[PDB]
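Starting off, we have a lone chain in the form solved without guanosine, written out as C-alpha cells.
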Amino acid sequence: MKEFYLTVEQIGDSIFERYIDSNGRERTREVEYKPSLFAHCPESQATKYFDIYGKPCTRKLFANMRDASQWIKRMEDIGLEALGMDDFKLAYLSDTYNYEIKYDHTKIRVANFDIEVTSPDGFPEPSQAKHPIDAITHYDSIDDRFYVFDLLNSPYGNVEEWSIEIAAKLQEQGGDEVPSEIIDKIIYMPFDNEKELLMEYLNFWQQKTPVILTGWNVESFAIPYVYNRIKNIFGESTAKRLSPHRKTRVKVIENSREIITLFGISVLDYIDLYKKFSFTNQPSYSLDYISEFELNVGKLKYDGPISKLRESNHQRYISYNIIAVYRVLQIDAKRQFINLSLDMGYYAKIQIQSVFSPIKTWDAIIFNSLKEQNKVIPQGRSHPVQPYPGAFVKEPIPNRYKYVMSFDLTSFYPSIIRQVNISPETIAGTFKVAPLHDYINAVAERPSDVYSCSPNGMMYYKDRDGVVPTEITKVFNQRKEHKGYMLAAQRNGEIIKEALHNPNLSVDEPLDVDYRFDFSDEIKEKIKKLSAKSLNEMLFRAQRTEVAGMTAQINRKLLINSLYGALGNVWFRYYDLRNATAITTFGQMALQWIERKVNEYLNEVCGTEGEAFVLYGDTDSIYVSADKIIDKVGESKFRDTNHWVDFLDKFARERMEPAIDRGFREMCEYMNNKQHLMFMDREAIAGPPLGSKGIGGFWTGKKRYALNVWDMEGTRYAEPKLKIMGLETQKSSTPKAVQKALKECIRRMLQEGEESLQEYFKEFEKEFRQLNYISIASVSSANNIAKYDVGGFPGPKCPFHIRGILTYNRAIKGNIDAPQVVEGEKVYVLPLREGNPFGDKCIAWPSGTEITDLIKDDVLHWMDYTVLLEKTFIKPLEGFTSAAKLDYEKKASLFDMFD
C-alpha cells in the first residue's frame, strides 16, 4: 500500500514522524528536514517560482529549520517579505506525501481511555494530582480490547477484585449489566499498590502507543492528571514516557490549570469533537447526559456520592469505568467524528488535531494546491480587527400564515465565491458603487462588461481560475455526495415509518439494503411484508445511516463556510475584507433580487398586481405565502392534505423554480459573473391539515417562527413535522418540561386550532407543580462568577444566574464534599419564594446533576412555581399567541351572563 503519516512534530532542527510504511508497518523516524523559503527577485532572473500575483521569487534552501526561522526574523528587520510555508511540519508533510493520501484506519492505533480518582476533599485538581489513581480503562482499537487497571489497595480503602461474572449479570440479578458484546474483550489487571499500576500502565503504553488519543474530558482531566501523578511519584523523566519522543509541553493558565501537550500523539478529546461537529447545544456535557441523549441508554445508577462509590461498591465502580469508555465508542459509532477528523486531516495534510482549526486546515489545503503549480504563498501579515457587513434579514409582519412554501440557495457563500470568482489573486480592480437597492432593482448601470463583479465594488478576472474557488469546489463536491446519501436514508426512513402501520404478524429478518440509496420497488414491495420487529430494526439502521451522512455533509459544509469566514479573520494568511464583503454584499443583493423576481412572477401567473407573496427572508431564503396559489384552484378541488402538498410540490418545481432560474441567470449577466451558480430550490411545504382549524404557521419577528411542514427538500413526512426556529422550544436555556409544553402548544395551534390550545393550557396550568424540579429548571452558562462576587454576595449588575450561583455557594459554605460550580460550565437555575432560608430570589447548581442532598429538600420546598410558570411558560406563550392573533385563555364576553 501507499505510505501515510500518523503524527508529525518539530523538535528543534528535527522532524519526528510516526508513519505506516509500504508494508503496513508502523515506524518512527527523525529527519533533519531542510526547509525552503522564498524572497522576491528581479524579473531578469530566470526561475520557476512565482508568488500568487505573478512576481518571480528565488528559493532559499536552509541547512536547518532554525536557520530558516532566523532568516524570517532578519527579513523582518530589513522590511522585506519572507514568502513560503513557515510551519515547517506542513511543508515536510507536503514534501513527503506528494499525492492524494489514501489511509488505512485499521492500521491507526486509536485509544479510548478514562481514569477514576477517589477524592474525599472535593474535585481532584489534575495540576496537583494529590489523590491516587485507582482505576484506568484503556481501549485499544487495534487489539479491540478493554485493558482495565484496577487498584485494590489505596489509602482510601482496600477492596476485593472486580468480578467479570457479576459485571455481566443483569441489574435485576445484582449485576452491573456491562454490555454482553464487550465482556470477552475485557482484559482485567488488579494491583496491590498504585506505583505498580502506573508503572505497568507506562510499559503497556510503550507497547501500544496511541496515535489518536480520545475519551471524555481527557485533555482537561485524564491526561493532565495521569501526567502529573506519574511526575510527582516517579519524576519528570518517567512521566515523559507518555510521549513517544519523550517530549512534553506544560501550558499553564492561572485562575492553576494545565493542558499537557504530548509530542508524537494526536489528542482528539471527544467532548471537543462533539461540541464542534454535533451541531447541538446541550444543557449539560457530562458523559452520562450525552450518552442518554445520543444513545437513549439509561442513566447509570448508584447509591451515595461518587466520592465513596469505590469503598462501598468497588464492583460497580470498576464496571462503570469500563462502561464510560464504551459509551464514547458507541457515540462515535453513531456520530463518526473520528472518521471525519481522519478524512479531513489527511485531505489537508495536517496534524490530525488541527481539524479543530479551519484556518490551519485551509492554509494547508491552499498551500498544497499552490505548491503543485510551483507557486509561492505570501507571508502572513498583522491586521487590526474591523467590523464588516453580513446578511440581510427581512422584517416580517407578525401574523399567522396558513400556506407557506420556502426556498433557499445551495451552499450560498461558497457558491457566490465560485460564481464571482473571488480569490486573493483574481482581484482585477474596482468600480463606482450605486446604492445597493439600485442593483436590486436593476436600475444601476452595469458595473463591468469585462470583469466579474460584486455590488460592493469589487471586480474579478473571469478567465483565470482562483485557488480559493478551485479548492472550495473540491470540498463542496464531497459535501454534495454525502448529502445525497443522507437525504436518501431520510426518505427511506419515511417509507419504513409508513409500513409500520401494517406490520405483518410473522417472523423474519431485516432486509439487507444500502440505505444510502433510494429503495428499489422490489425492496419496497418486500418491506410491506415484514414484521414490526424487522421494520423497527430497519428504521434504526436507516436513521443511523442518515446520521452518518449528516455528519459527513454538514461538517464539510461547515469547513467551506469557514473558508468564507476565514477571509474575515485577521489570522488567516489570505485575510481580506474586500473579498469577505464582496461575498456578503452580493448575497444581500441576490436575496432581495430574487424576492422581487418571485413577487413579480407570482402576481403575473396569479393575475394580480402589487401583492406581497414573500412574507419573510433571511440570508439566502424566502418564505412565500401560498394562500392565493391554493385559492386559485380552491380548497374544494383537493381530496386530502397530501393532494395539495403534491400540487404545491409540482407548482414550485414546474413553474416557480424555472422562473427563479431565469431571474438569477439575468442577475449573473448583470454582474457579468464567471459562472451561474445561484441554484434556489424549494425547501418546505407548510400548512394546516385539510379541513382542520390549524393555522399552519406563524411569525413573531426576525428569526422567530413555526411551521407545520409536510414536505422538506423532497422528503414526504409520514406525519407532519413542526419546523420551529428561534422560539423558546429550541433554546437549551428553556426548562425541559417547558420546551415540551410550549411545543405541544405550538403543535395544537398549527394543526388543531385555538380551542385545542386552550384545553391544553388549562390542563398544564393545573398540573405543572407536580413536574420534577430538574425538568422545570432553567439553564445558563456560568461565566465570570468571581467578577460579580463581592464577599459572597452579588456585585453591581450581577446576572440572574450568577446571583443563583452565589446563593448556592453560601448554602454549601464549609462543606468540602459539596459539588462546586465550575467557571464556564452550565448551571440549572430555580427561582425561590419570598422569605426563603437561602436569603435570595434564586439558586443555581451544576447542570446535569441532582442538587446536593445538603440543601435539596429545602430547595424543593421553596421553589417559586408561580414565577417559574409566568416567566418561562406564560410570557413566551403570550408572544406566540399574540403574533398568531389567538388566545390561550377564553376571553370574557357578554355571553358570560347566561347560565
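Throughout, we count residues from 1 along the sequence that is shown.
The form solved in complex with guanosine is left out here; the points below concern that form.
- Heavy atoms within 4.5 Å of guanosine in the deposited complex belong, among the stretches 801-809, 656-664, 180-188, 368-376, to residues of 368-376.
- Of the residues given (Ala548, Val117, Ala91, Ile265), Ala91 alone sits with a heavy atom within 4.5 Å of guanosine in the deposited complex.
- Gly84 is the sole member of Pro126, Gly84, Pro735, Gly466 with a non-hydrogen atom within 4.5 Å of guanosine in the deposited complex.
- Within this chain, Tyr49 lines the site of guanosine in the deposited complex, having a heavy atom no more than 4.5 Å away.
- Residue contact check for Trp862: none of its heavy atoms lie within 4.5 Å of guanosine in the deposited complex.
- Using a 4.5 angstroms limit between non-hydrogen atoms, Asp95 touches guanosine in the deposited complex.
- The shortest heavy atom separation between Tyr33 and guanosine in the deposited complex is within 4.5 Å.
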